[PDB]
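Protein chains in written order, with the entry's author numbering: chain A, 1 to 294; chain A', 1 to 294. A prime marks a further copy of an entry chain. Every residue gets a Cβ at the ideal spot worked out from N, C-alpha and C, and that includes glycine.
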Ligand SMILES: O=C1NCC=CN1[C@@H]1O[C@H](CO)[C@@H](O)[C@H]1O
Ligand SMILES: O=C1NCC=CN1[C@@H]1O[C@H](CO)[C@@H](O)[C@H]1O
Ligand SMILES: [Zn+2]
Ligand SMILES: [Zn+2]
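Right under this line is the structure:
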């Protein structure tokens, strides 16, 4: 078991620990649960989904990286597919506040990047900040998304975001998690191609600047991230962040990072290049390349 | 009159135009109104504050810079001092979504930077995004801040941000707009000293990384910006943005920018350097220096 979970695990109910023991066994437990797994857990404990989800929060929170806040936040996105994805906040020393990732954004991207077509709900161990409520309203699930918090009745997003601002406000018809393929040809080595394919799924109706980032680990494993714009602009998820989310959730660490590539247009109104490099260097990765879309 | 206002102005009621004619006369009308001015306006039109504020929105919106969205948003912060500050969104081509500024952040910083001790209300021509609701909850006015939108009853922030996340959540006691002075000694030329003094007023209880940016225009005018952190991290206002807000609001343009300086600690957990330079270069400013706090 991945040391991160150690303590959390020790804190679970016996019947839960038992059901989990085998799953968390693998150090590379992918911070996610399939329907089947979920079902199994429900049988072993008497928990319902909602209560189960809350019960797991602490494992999700155990994946947090909070050098600054020391405030660990865990979230669980529930796929319409039945799969449940963990998510946790990340803070990067040597960068800026704008590079931070919220437990909520983590889980949702985890899901999205993983191929999830839509979410049904999200559970968080702490009420969501406004930035995250806004982020959520970009999804194809809209204001209907249900949100579960400890010691609270559940609610739809619309409740947490009254008189909401969103894509419609900008006359945008395609939502995040909707299907997209920008059609760029894949080229170069593996890393580049991963980066480009990531750009191909990017959500960028506002600026129209597709981008993607792919990271290669020491063991040759690869994590890639897609750009996701947001109607309110700022809460947009940069492509780098996507990759780092996967990387951390999947059990790796910064130092495991070998080289990275960023793909984007050269003539785009917005440019990820600087922020990607800077942050990566901050994390200690020095090999970064950029590939130009067309 | 500053060409930007041209059309807006043409759209105002006659008695309003009249009262304004003289104020807006100056090309460098500072996008702000003192109590006296306000009073005057009320007398000339029969408007009450709330209605007056709405009536002016279009001038505030006229200060917007929206190369991307083409979506002009105006806001008016009302000082407890009686002064009213304009605010408008800004989008920067060649940068990233995270560098964007919301009409709301503009007005509030305008006020804060100007020396305002606290706000009583804010009026916006469009419902606020979640990022801005969160930004607002960092202020010393808390959830009480009143928010006025067109065709809506007014409300407190708490209404737009139910079950809010904020500074208290992190056990923070000093709010934005509260009084602060970090006490760094001022040194170097004027520009540096402006930058450092800006850092001295910075709000950064979370990361403890004070920073400030000062810009020098062709005419030798100087605009400076203070760093303002936010409990939810991301909605934090970088120091550069502060300066650019002032610069644009006060009637200048990017090209008027001569040289810039950024002051910050070298050993700070967060670092503004990269983003500042990058964005400034994007705006076409090549002279940037950094000064190290101590
Ligand atoms: O992830 C969440 N969710 C609820 C509220 C805040 N945060 C995060 O919690 C820390 C405190 O802001 C930062 O890492 C930030 O991203
Ligand atoms: O300034 C505001 N206030 C209300 C909602 C959005 N925005 C802004 O409006 C444009 C559309 O998101 C961007 O410039 C963004 O900063
Ligand atoms: Zn959040
Ligand atoms: Zn906003």
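Cβ of residue 102 of chain A less than 9 Å from any chain A' Cβ?
-> Counting from 1 along the first chain, the entry for residue 102 of chain A is found at position 102. Residue 102 of chain A counts as touching chain A'.
CA nearest to the CA of residue 229 of chain A', picked from A:29, A:87 and A:98 = Taking the first residue of the second chain as position 1, residue 229 of chain A' is located at position 229. Per the Cα distances, A:98.
Given residue 80 of chain A, which residues of its chain have a CB within under 8 Å of its CB, disregarding the five upstream and five downstream residues?
-> Against the first chain, residue 80 of chain A aligns to sequence position 80. Answer for residue 80 of chain A: 116, 117, 118, 119 and 120, listed in chain order.
Measure from the C-beta of residue 297 of chain A to each C-beta in chain A' and report whether the shortest distance is under 9 Å.
-> Since the first residue shown for chain A is 1 and the last is 294, residue 297 of chain A is missing from the structure and cannot be characterised.
Proximal residues, the region 79-98 of chain A versus chain A', C-beta separation under 7 Å = 93, 94, 95, 96, 97 and 98
Option nearest residue 12 of chain A by Cα separation, candidates A:124, A:41, A:247 and A:202 | For the purposes of this step, residue 12 of chain A is taken as residue 12 along the first chain, with counting starting at 1. Checked all of A:124, A:41, A:247 and A:202; the closest Cα to residue 12 of chain A is A:41.
Counting pairs of Cβ atoms below 8 Å between the region 261-272 of chain A and the region 187-196 of chain A, do you hit three or more?
-> yes
What residue ranges within the region 6-31 of chain A' form continuous alpha helix (DSSP H) runs of no fewer than 4 residues, ordered along the chain?
-> 6-10 and 14-20
Does the beta carbon of residue 54 of chain A fall short of 8 Å from some heavy atom of ligand 1?
-> As a working mapping, residue 54 of chain A is identified with position 54 in the first chain. No, ligand 1 has no heavy atom inside 8 Å of this Cβ.
Own chain, CB closer than 8 Å to residue 269 of chain A', minus 5 neighbours either side, in chain order | If you number the second chain from 1, residue 269 of chain A' lands on position 269. Excluding positions up to five away in sequence, the list reads 207, 208 and 209.
Look at the alpha carbon of residue 133 of chain A' and the alpha carbon of residue 218 of chain A, and state the distance between them as a whole number of angstroms.
-> As a first step, residue 133 of chain A' must be located in the second chain, where it is residue number 133. As a first step, residue 218 of chain A must be located in the first chain, where it is residue number 218. Distance between the alpha carbons of residue 133 of chain A' and residue 218 of chain A: 42 Å.
Return no unless some Cβ of chain A' is closer than 9 Å to the Cβ of residue 165 of chain A.
-> Along the first chain, read from residue 1 onward, the residue named residue 165 of chain A stands at position 165. At least one chain A' Cβ lies under 9 Å of residue 165 of chain A.
Is residue 161 of chain A near ligand 2, with its Cβ less than 8 Å from a heavy atom?
-> Here residue 161 of chain A refers to the residue found at position 161 of the first chain. Incorrect: residue 161 of chain A has no Cβ contact closer than 8 Å to ligand 2.
Look at the Cβ atom of residue 75 of chain A', then the Cβ atom of residue 106 of chain A', and state whether they are nearer than 9 Å.
-> Within the second chain, numbered from 1, the residue matching residue 75 of chain A' stands at position 75. Within the second chain, numbered from 1, the residue matching residue 106 of chain A' stands at position 106. Contact flag set, yes.
Got a sec: which bits of the region 108-141 of chain A' sit with their beta carbon under 9 Å from any beta carbon on chain A, in order along the chain?
-> 126, 127, 128, 129, 130, 131, 132, 133, 134, 135, 136 and 137
DSSP state of residue 35 of chain A, grouped into three classes?
-> Indexing the first chain from 1 puts residue 35 of chain A at position 35. In the structure shown, residue 35 of chain A sits in a helix (DSSP, three-state: H, G or I).
What separation, rounded to the nearest whole angstrom, lies between the Cα atoms of residue 183 of chain A and residue 187 of chain A'?
-> Here residue 183 of chain A refers to the residue found at position 183 when the first chain is read from its first residue. Here residue 187 of chain A' refers to the residue found at position 187 when the second chain is read from its first residue. Between residue 183 of chain A and residue 187 of chain A', the C-alpha separation is close to 54 Å.
Between the CA atoms of residue 26 of chain A and residue 56 of chain A - distance to the nearest angstrom = Within the first chain, residue 56 of chain A is the residue found at index 56, counting from 1. Within the first chain, residue 26 of chain A is the residue found at index 26, counting from 1. Cα to Cα, the separation comes out at about 17 Å.
When the Cβ atoms of the region 165-173 of chain A are set against those of the region 156-167 of chain A', are three or more pairs found closer than 8 Å?
-> no
Which residue spans inside the region 181-234 of chain A form an unbroken beta strand (DSSP E) run of at least 3?
-> 211-217 and 222-226
For residue 18 of chain A', which residues of its own chain have a beta-carbon under 8 Å away from its beta-carbon, when the five flanking residues on both sides are left out?
-> Start at 1 with the first residue of the second chain, and residue 18 of chain A' comes out as number 18. Correct list, in chain order: 44.
To which residues of the same chain is residue 173 of chain A' closer than 7 Å at the C-beta, ignoring the five residues directly before and after it?
-> The residue labelled residue 173 of chain A' in the question sits at position 173 within the second chain. Excluding residues within five positions, none has a Cβ falling inside 7 Å.
Determine which residues of the region 229-260 of chain A' have a Cβ less than 8 Å from any Cβ of chain A, and write them out in chain order.
-> 229, 230, 231, 232, 233, 234, 235, 236 and 238
Just the chain A' side, please: which residues come within less than 8 Å of residue 160 of chain A by C-beta, in chain order?
-> For the purposes of this step, residue 160 of chain A is identified with residue 160 of the first chain, where counting begins at 1. 162 and 163, listed in chain order.
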